[PDB]
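S.K.: Submitted below is the structure of interest, expressed as structure tokens.
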Amino acid sequence: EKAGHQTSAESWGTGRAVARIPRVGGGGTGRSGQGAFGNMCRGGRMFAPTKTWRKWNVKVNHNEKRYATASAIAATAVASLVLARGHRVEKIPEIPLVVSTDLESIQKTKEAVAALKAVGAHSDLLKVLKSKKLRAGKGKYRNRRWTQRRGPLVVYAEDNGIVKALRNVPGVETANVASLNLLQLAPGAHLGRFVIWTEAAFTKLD
Amino acid sequence: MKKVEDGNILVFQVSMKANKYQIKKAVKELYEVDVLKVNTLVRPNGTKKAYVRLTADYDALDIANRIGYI
Amino acid sequence: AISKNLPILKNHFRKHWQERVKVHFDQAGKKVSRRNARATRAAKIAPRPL
Amino acid sequence: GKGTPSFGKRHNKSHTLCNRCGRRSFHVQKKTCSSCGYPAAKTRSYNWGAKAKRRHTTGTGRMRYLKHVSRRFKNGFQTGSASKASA
Amino acid sequence: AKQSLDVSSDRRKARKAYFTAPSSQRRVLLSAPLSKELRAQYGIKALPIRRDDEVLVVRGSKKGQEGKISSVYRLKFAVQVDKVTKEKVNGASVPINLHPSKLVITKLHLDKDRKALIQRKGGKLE
Amino acid sequence: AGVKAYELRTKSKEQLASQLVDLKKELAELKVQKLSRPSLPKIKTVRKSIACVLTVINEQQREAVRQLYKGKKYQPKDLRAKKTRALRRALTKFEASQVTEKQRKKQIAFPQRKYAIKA
Amino acid sequence: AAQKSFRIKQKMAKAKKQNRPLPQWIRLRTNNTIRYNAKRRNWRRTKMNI
RNA sequence: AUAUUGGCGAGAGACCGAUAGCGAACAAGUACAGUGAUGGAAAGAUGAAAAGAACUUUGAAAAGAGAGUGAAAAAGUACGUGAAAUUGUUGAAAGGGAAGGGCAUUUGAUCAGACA
RNA sequence: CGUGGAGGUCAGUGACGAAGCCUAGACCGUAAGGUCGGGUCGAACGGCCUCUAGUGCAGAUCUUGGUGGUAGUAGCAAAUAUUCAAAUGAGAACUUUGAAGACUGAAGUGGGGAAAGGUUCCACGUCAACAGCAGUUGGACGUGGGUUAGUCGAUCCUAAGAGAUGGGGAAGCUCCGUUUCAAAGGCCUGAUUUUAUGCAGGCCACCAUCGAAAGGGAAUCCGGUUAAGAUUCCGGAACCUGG
RNA sequence: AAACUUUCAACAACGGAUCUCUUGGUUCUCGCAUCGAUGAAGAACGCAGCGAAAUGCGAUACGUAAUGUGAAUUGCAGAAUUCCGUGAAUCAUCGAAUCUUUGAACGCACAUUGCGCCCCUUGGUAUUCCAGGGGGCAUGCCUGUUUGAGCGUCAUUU
Ligand SMILES: [Mg+2]
Ligand SMILES: [Mg+2]
Ligand SMILES: [Mg+2]
Ligand SMILES: [Mg+2]
Ligand SMILES: [Mg+2]
Ligand SMILES: [Mg+2]
Ligand SMILES: [Mg+2]
Ligand SMILES: [Mg+2]
Ligand SMILES: [Mg+2]
Ligand SMILES: [Mg+2]
Ligand SMILES: [Mg+2]
Ligand SMILES: [Mg+2]
Ligand SMILES: [Mg+2]
Ligand SMILES: [Mg+2]
Ligand SMILES: [Mg+2]
Ligand SMILES: [Mg+2]
Ligand SMILES: [Mg+2]
Ligand SMILES: [Mg+2]
Ligand SMILES: [Mg+2]
Ligand SMILES: [Mg+2]
Ligand SMILES: [Mg+2]
Ligand SMILES: [Mg+2]
Ligand SMILES: [Mg+2]
Ligand SMILES: [Mg+2]
Ligand SMILES: [Mg+2]
Ligand SMILES: [Mg+2]
Ligand SMILES: [Mg+2]
Ligand SMILES: [Mg+2]
Ligand SMILES: [Mg+2]
Ligand SMILES: [Mg+2]
Ligand SMILES: [Mg+2]
Ligand SMILES: [Mg+2]
Ligand SMILES: [Mg+2]
Ligand SMILES: [Mg+2]
Ligand SMILES: [Mg+2]
Ligand SMILES: [Mg+2]
Ligand SMILES: [Mg+2]
Ligand SMILES: [Mg+2]
Ligand SMILES: [Mg+2]
Ligand SMILES: [Mg+2]
Ligand SMILES: [Mg+2]
Ligand SMILES: [Mg+2]
Ligand SMILES: [Mg+2]
Ligand SMILES: [Mg+2]
Ligand SMILES: [Mg+2]
Ligand SMILES: [Mg+2]
Ligand SMILES: [Mg+2]
Ligand SMILES: [Mg+2]
Ligand SMILES: [Mg+2]
Ligand SMILES: [Mg+2]
Ligand SMILES: [Mg+2]
Ligand SMILES: [Mg+2]
Ligand SMILES: [Mg+2]
Ligand SMILES: [Mg+2]
Ligand SMILES: [Mg+2]
Ligand SMILES: [Mg+2]
Ligand SMILES: [Mg+2]
Ligand SMILES: [Mg+2]
Ligand SMILES: [Mg+2]
Ligand SMILES: [Mg+2]
Ligand SMILES: [Mg+2]
Ligand SMILES: [Mg+2]
Ligand SMILES: [Mg+2]
Ligand SMILES: [Mg+2]
Ligand SMILES: [Mg+2]
Ligand SMILES: [Mg+2]
Ligand SMILES: [Mg+2]
Ligand SMILES: [Mg+2]
Ligand SMILES: [Mg+2]
Ligand SMILES: [Mg+2]
Ligand SMILES: [Mg+2]
Ligand SMILES: [Mg+2]
Ligand SMILES: [Mg+2]
Ligand SMILES: [Mg+2]
Ligand SMILES: [Mg+2]
Ligand SMILES: [Mg+2]
Ligand SMILES: [Mg+2]
Ligand SMILES: [Mg+2]
Ligand SMILES: [Mg+2]
Ligand SMILES: [Mg+2]
Ligand SMILES: [Mg+2]
Ligand SMILES: [Mg+2]
Ligand SMILES: [Mg+2]
Ligand SMILES: [Mg+2]
Ligand SMILES: [Mg+2]
Ligand SMILES: [Mg+2]
Ligand SMILES: [Mg+2]
Ligand SMILES: [Mg+2]
Ligand SMILES: [Mg+2]
Ligand SMILES: [Mg+2]
Ligand SMILES: [Mg+2]
Ligand SMILES: [Mg+2]
Ligand SMILES: [Mg+2]
Ligand SMILES: [Mg+2]
Ligand SMILES: [Mg+2]
Ligand SMILES: [Mg+2]
Ligand SMILES: [Mg+2]
Ligand SMILES: [Mg+2]
Ligand SMILES: [Mg+2]
Ligand SMILES: [Mg+2]
Ligand SMILES: [Mg+2]
Ligand SMILES: [Zn+2]
């Protein structure tokens, strides 16, 4: 907020054949004479300099926020939607996909990947991994270099190992049923995540 | 090198902090030599030059190469 | 500077108000600190309650 | 003749060098420095002159001593010696 | 994923700490993995390169060449080998700067300390 | 080459002083040589050696004095701890811990009790 | 000027010493980006202000 | 428990991207102006690597022409790309006191599609 | 319609060439624009649904930078003036030397200094920039050398003035006062012959200090010498001050 | 018909947009409490084998000591004993020193490298004159020590 204004430039007023923006005074340096302050000036202040007291966060009615997360859960059955979303589930048994409560006790990554596969997550796991591209923007040097798709979201009732076993496989995400989160249920505001539920989890639901 | 050959005189770059006294004693000590008088001056790079005349008993040229330079 | 059928407003922004804007971006942060403090203090205070 | 012939006579100094800040702001007839204020115990500075301060505050120089205080702080102001070991 | 609060994934901080790393720091980044054979031999994967180890280029245009490391040009982040050089046009000869991550070590020059290192890293030595 | 302190510290008081006078002739000579020559880096290792000796000559004189002032009011201010000017004038642990006779009786009589809730 | 305080003579000395071309060997240094001495001063073109 | 555009250490961003962002991504509060208080810039990018062009030839030299290096000199310390204004050369065309524009067709040049 | 960034997606494009830039070549749209070929190029980038804004230029005597026509144009005309030949050099209207013609005319275009500059002095080398033609020359450029004091100046003294101090004002930065309603200091020796300086006379009460390279003021001259220093060095001959 | 002007294109100029880059900037958040008469912040001048700067340092001067590491530094020259080691290093750490001239800045001054006094010591035939070496001398205020001032004032002499 001090930028553009670190000068003592006055306008020269009229009668010197020259526009009336403020000008850096003094001499001997090339900066002096130059247009000051104004938003069209090289090194001027910008127009309506951005302030931090801009609204950043947004308030949503709790119930309305539930309505959303519910809908999004409802929609993770409904295989068309799940399919529409990316999510390679052409060849999983049934939907909702519920898997043995034993899943939550897996400590070993390689074991966790093995499980997800047997249950049918293999083409989705392959679709992440198969999709790592460089972020196209300038984003790729503001701590966002790579890009990729979203894997399945493994929901559980109790973390007896599964969050760390799974925490390193590309695109796979975990949640506890008690929480359960719209940003993951409908990534990008597109309904239809591929949830793989444990039994424990599936029945905590009610 | 000429004042040495012709004038029986040793030129030293000398401490800026030193005076004719301290220059004279220092030559006398560090060289056996006896000093007749000491002229000094500040060079134009801020360093001092001492024109040291030895008494007639010493050959400054002789000193010069028994100190090393030449 | 008066027109339409609007309610008469009283927005007090005639001092250099921008110099005194407190935004609570540290809401999140203080809460944690506030938590770590109590965890620190429960610990210090041996079995006593807080 | 108020312009260039008068400039012809500019050959006397209003200010020399200032012992304390080294600056050719030492007003000879006034014996004080338009910049740093010497010989006032305090240093000249004003809050309307921010660049001016920025141009001179702690940090713009060597910090021959202050440099080291937060090393020294970091180690709780140790005295004594470091000992020894292997490798 | 990083999990600590005293490590940073920040690209800018990363690149700074690389390029402005002191000599002592560069000794470690300038590591080379051991040859398949040495790795059984001392039971140990890689090591900070040093000025008389024996080495095989296994990447790049000099892939296949070998020699004795003749400098660690820590300043240039690069290791020179007596035996892998550029013949110039005036028939002067000039070192190629090679990267130790693109070498493999074939005989460690050994020290009281070298062994002590190899030991410290859970390895064994013949 | 270049002299090493831990060896100088075994040498005697006036071995060190004489060491010094040698190194200075050494330097003096080198300086004459330097200006008859394209370069003369030996000079460096001689003048870091004069450093080292002075360092170590001054090292011993200092712990001479430091020790014979050890454990009395008043020692030269440049052997007193340095710390920080404020620190240096903070109250001592003693002065700070200091407590009113009345205050003590109370501390003793009604101290902060350890206790727990349950039953 | 021409009969001077030592303080002035000294500054003048330092000015002389500062008044030489870029020592060329620096150009050969690894990463060197200095091509020429960019603080050169000339008695005719620019005054010392003492 | 509160404060904090300073200081020491840290982790960050739907922030800026070299006329932007701090004035300063660089020997920047520098170079430079001013008696002084103060004012205060411009300026980043060869290549993976200098491999920075041995040698020959024309020249007083700078250089040119060959050669050479290189993945490339349509990268040669004037150096990534290299727009525009504006300029040279080549080619084509028009022009009786501006030029440029609209509808339309001759003429020249140029080009698509589609037959089966 | 288009742009910078963001969530999702197409497991989208790409070193077998991304992006960008060129292109009186092609195609779609009424249009904002979109698509392709070819050339150039070198590391990245796009389509769709959504999110977001420092989001679209011809103008503001707009900002910064770059570029034209003007134009090889105005002009380079004050201060009397130039000329022959040699030498050097790639190159000579311009450098060097010889010759000649002039000028300044001691109120100087002479010989020195003060302020100010600060190495410009001198030597060697030397022409890319600079010296509004030139350049082999230079107060330029590169490399070095050079400033010698008992007597010359500063230094000491006081001038107008300035300015600490006991003080008195003032919220305070500080203002006033300068010998000012101040307990304001140091000299000659004697006493010492434990011993080095305490006391024994007595005077003197003057109250800081800074302020002149033209004012006041202790004392050096002639000859010779250097590429460049000289009342400074060498030589001879003196003089002042203190001891 | 040239030349000239003008349009378009190729190649070459001028210029430095554009695209891609980024050890910088900006804003947020977390942790922490440390300048100075024990001379600070700041200034000036110096210091390298070969540096003008930037960075660093102070006549011990791009550094001395200590400690950790365990072999560089590098533009060139160099040491060379320094590589199974009280040991490389323009390394890291840093506890110990050096720290010119200065600055609140303190013997007095200061457009002056200007001018005193005191102590110890050294040289000159020297308590006193001169020279070298080391160590000292500001101000307000507090506690205290010592020497004193005042018919302010108490007592005790004979
Ligand atoms: Mg503002
Ligand atoms: Mg105009
Ligand atoms: Mg700006
Ligand atoms: Mg882009
Ligand atoms: Mg993508
Ligand atoms: Mg003779
Ligand atoms: Mg003299
Ligand atoms: Mg109306
Ligand atoms: Mg309000
Ligand atoms: Mg108002
Ligand atoms: Mg805040
Ligand atoms: Mg509570
Ligand atoms: Mg006027
Ligand atoms: Mg003027
Ligand atoms: Mg005046
Ligand atoms: Mg005043
Ligand atoms: Mg003062
Ligand atoms: Mg300051
Ligand atoms: Mg390791
Ligand atoms: Mg490399
Ligand atoms: Mg060493
Ligand atoms: Mg103390
Ligand atoms: Mg001038
Ligand atoms: Mg902050
Ligand atoms: Mg964070
Ligand atoms: Mg860009
Ligand atoms: Mg900028
Ligand atoms: Mg922008
Ligand atoms: Mg700027
Ligand atoms: Mg940069
Ligand atoms: Mg400039
Ligand atoms: Mg580039
Ligand atoms: Mg560029
Ligand atoms: Mg490069
Ligand atoms: Mg060529
Ligand atoms: Mg290729
Ligand atoms: Mg190419
Ligand atoms: Mg091109
Ligand atoms: Mg190229
Ligand atoms: Mg070249
Ligand atoms: Mg280019
Ligand atoms: Mg045509
Ligand atoms: Mg037409
Ligand atoms: Mg037509
Ligand atoms: Mg749109
Ligand atoms: Mg958009
Ligand atoms: Mg933006
Ligand atoms: Mg076109
Ligand atoms: Mg087409
Ligand atoms: Mg192509
Ligand atoms: Mg392309
Ligand atoms: Mg590239
Ligand atoms: Mg949208
Ligand atoms: Mg805008
Ligand atoms: Mg428009
Ligand atoms: Mg425009
Ligand atoms: Mg315009
Ligand atoms: Mg213009
Ligand atoms: Mg012409
Ligand atoms: Mg003409
Ligand atoms: Mg005219
Ligand atoms: Mg004339
Ligand atoms: Mg002529
Ligand atoms: Mg002539
Ligand atoms: Mg005549
Ligand atoms: Mg006449
Ligand atoms: Mg006359
Ligand atoms: Mg003349
Ligand atoms: Mg003269
Ligand atoms: Mg001058
Ligand atoms: Mg000359
Ligand atoms: Mg020329
Ligand atoms: Mg000139
Ligand atoms: Mg000319
Ligand atoms: Mg010319
Ligand atoms: Mg010169
Ligand atoms: Mg010179
Ligand atoms: Mg005199
Ligand atoms: Mg004097
Ligand atoms: Mg006063
Ligand atoms: Mg005086
Ligand atoms: Mg006088
Ligand atoms: Mg006089
Ligand atoms: Mg004479
Ligand atoms: Mg001479
Ligand atoms: Mg002369
Ligand atoms: Mg004489
Ligand atoms: Mg005589
Ligand atoms: Mg006498
Ligand atoms: Mg790159
Ligand atoms: Mg940042
Ligand atoms: Mg945080
Ligand atoms: Mg350096
Ligand atoms: Mg070195
Ligand atoms: Mg050790
Ligand atoms: Mg270091
Ligand atoms: Mg010292
Ligand atoms: Mg003083
Ligand atoms: Mg002094
Ligand atoms: Mg008292
Ligand atoms: Mg008493
Ligand atoms: Zn000042």
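Computed from the coordinates by the stated procedures, all read-outs in this text should not be read as laboratory data. In this analysis, Cβ positions are derived from the backbone assuming ideal geometry, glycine residues included, and neighbour counts consider all displayed protein chains.
S.K.: Among C:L50, C:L6, which is the only one that is exposed (fewer than 10 other Cβ atoms within 10 Å of the Cβ), more than 19 Å from the chain's Cα centre (by Cα) and within 14 Å of chain F (Cβ to nearest Cβ)?
M.R.: When all the criteria are applied, what remains is C:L50.
S.K.: Here is a follow-up. Here's a check for you: in the range A:121-163, which residue that is charged (D, E, K, R) and within 16 Å of ligand 4 (Cβ to nearest atom) is nearest to A:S179 (Cα to Cα)? Quick ask: steps written out before the conclusion?
M.R.: So in the range A:121-163, the residues charged (D, E, K, R) come out as A:124, A:127, A:130, A:132-133, A:135, A:138, A:140, A:142, A:144-145, A:149-150, A:158-159.
Narrowing the set further to residues that are within 16 Å of ligand 4 (Cβ to nearest atom) leaves A:133, A:135, A:138, A:140, A:142, A:144-145.
Numbers: A:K133: 31, A:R135: 30, A:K138: 34, A:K140: 31, A:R142: 30, A:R144: 27, A:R145: 29 Å.
If we take residues in the range A:121-163 being charged (D, E, K, R) and within 16 Å of ligand 4 (Cβ to nearest atom), then A:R144 is nearest to A:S179 (Cα to Cα).
S.K.: Out of all the residues in the range F:80-101, which are in a loop (DSSP other than H, G, I, E, B) and within 14 Å of chain D (Cβ to nearest Cβ)?
M.R.: F:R80, F:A81, F:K82, F:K83, F:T84, F:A90
S.K.: When you go through G:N32, G:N19 one by one, which is the residue that is out of contact with any strand residue (DSSP E or B) (no Cβ under 6 Å at 6 or more places or on another chain), within 12 Å of chain B (Cβ to nearest Cβ), surrounded by 10 or more Cβ atoms within 10 Å (Cβ to Cβ) and not aliphatic (A, V, I, L, M)? I'd like the intermediate steps shown before the answer.
M.R.: Numbers: G:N32 fails: within 12 Å of chain B (Cβ to nearest Cβ).
Sole residue among the options that is out of contact with any strand residue (DSSP E or B) (no Cβ under 6 Å at 6 or more places or on another chain), within 12 Å of chain B (Cβ to nearest Cβ), surrounded by 10 or more Cβ atoms within 10 Å (Cβ to Cβ) and not aliphatic (A, V, I, L, M): G:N19.
S.K.: Among the residues of the range G:35-50, which ones are over 20 Å from D:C18 (Cα atoms) and within 12 Å of another protein chain (Cβ to nearest Cβ)?
M.R.: Within the range G:35-50, just G:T46 meets the criteria.
S.K.: Which of the residues spanning the range B:26-51 are away from chain G (no Cβ under 14 Å) and farther than 16 Å from F:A28 by Cβ? Walk me through it before giving the result.
M.R.: First, pick out the residues of the range B:26-51 that are away from chain G (no Cβ under 14 Å): B:26-39, B:50-51.
Once the filter is applied, which keeps residues that are away from chain G (no Cβ under 14 Å) and farther than 16 Å from F:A28 by Cβ, the range B:26-51 yields B:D34, B:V35, B:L36, B:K37, B:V38, B:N39, B:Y51.
S.K.: Continuing with the same structure: Are any residues in the range E:22-47 among the polar types (S, T, N, Q) and either more than 14 Å from chain D (Cβ to nearest Cβ) or within 16 Å of ligand 16 (Cβ to nearest atom) (or both), and if so, which ones?
M.R.: E:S23, E:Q25, E:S31, E:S35, E:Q41
S.K.: With the checklist (1) more than 26 Å from the chain's Cα centre (by Cα); (2) more than 9 Å from RNA strand H (Cβ to nearest atom) in hand, flag the one item D:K67 doesn't pass.
M.R.: D:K67 satisfies all of (1) more than 26 Å from the chain's Cα centre (by Cα); (2) more than 9 Å from RNA strand H (Cβ to nearest atom) except (1).
S.K.: Could you tell me which of the residues A:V58, A:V98 is assigned to a loop (DSSP other than H, G, I, E, B) and either in contact with a strand residue (DSSP E or B) (Cβ under 8 Å, 6 or more places away or on another chain) or exposed (fewer than 10 other Cβ atoms within 10 Å of the Cβ) (or both)?
M.R.: Every option except A:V58 fails the conditions.
S.K.: Step by step: first the residues of the range B:19-70, then only those that are assigned to a loop (DSSP other than H, G, I, E, B) and under 11 Å from the mean Cα position of the chain (by Cα), then the one that is surrounded by the most Cβ atoms within 10 Å (Cβ to Cβ). Which residue is that? Break it down stepwise before answering.
M.R.: At the first step, the residues of the range B:19-70 found to be assigned to a loop (DSSP other than H, G, I, E, B) are B:19, B:32-34, B:43-47, B:55-59, B:68-70.
Next, only the ones that are under 11 Å from the mean Cα position of the chain (by Cα) stay: B:33-34.
Working: B:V33: 17, B:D34: 13.
Only one residue tops the list, namely B:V33.
S.K.: Any residue at all in the range E:48-67 that's touching a residue at least 12 places away in the same chain (Cβ under 8 Å), more than 16 Å from ligand 9 (Cβ to nearest atom) and within 14 Å of chain G (Cβ to nearest Cβ)?
M.R.: Filtering the range E:48-67 for residues touching a residue at least 12 places away in the same chain (Cβ under 8 Å) gives E:48-60, E:62, E:65-67.
So of that shortlist, the ones also more than 16 Å from ligand 9 (Cβ to nearest atom) come out as E:48-60, E:62, E:65-67.
Narrowing the set further to residues that are within 14 Å of chain G (Cβ to nearest Cβ) leaves none.
Within the range E:48-67, none of the residues are touching a residue at least 12 places away in the same chain (Cβ under 8 Å), more than 16 Å from ligand 9 (Cβ to nearest atom) and within 14 Å of chain G (Cβ to nearest Cβ).
S.K.: Same structure, new question: Kindly check whether there is at least one residue in the range C:24-40 that is under 23 Å from the mean Cα position of the chain (by Cα) and within 16 Å of ligand 1 (Cβ to nearest atom).
M.R.: Going through the range C:24-40, the residues under 23 Å from the mean Cα position of the chain (by Cα) turn out to be C:24-39.
Those still in the list that are within 16 Å of ligand 1 (Cβ to nearest atom) too: none.
For the range C:24-40, residues under 23 Å from the mean Cα position of the chain (by Cα) and within 16 Å of ligand 1 (Cβ to nearest atom): absent.
S.K.: Tell me which strands (runs of 3 or more DSSP E) are completely within the range A:106-206 and hold 2 or more residues being within 14 Å of another protein chain (Cβ to nearest Cβ), or say none if there are none.
M.R.: On the way: elements: A:153-156, A:173-176, A:195-198.
The qualifying strands (runs of 3 or more DSSP E) are A:173-176.
S.K.: Continuing with the same structure: Please state which of the following conditions F:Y74 fails to meet, knowing it meets all the rest: (1) assigned to a helix (DSSP H, G or I); (2) more than 27 Å from F:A1 (Cα to Cα); (3) over 16 Å from the mean Cα position of the chain (by Cα).
M.R.: The single condition F:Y74 does not satisfy is (1).
S.K.: Do we find that F:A116 is more than 14 Å from every other protein chain (Cβ to nearest Cβ) and of a type in the set (G, A, S) in this structure?
M.R.: no
S.K.: Here is a further query. May I ask you to say which residue of A:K117, A:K91, A:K133 is touching a residue at least 24 places away in the same chain (Cβ under 8 Å) and out of contact with any helix residue (DSSP H, G or I) (no Cβ under 6 Å at 6 or more places or on another chain)?
M.R.: A:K91
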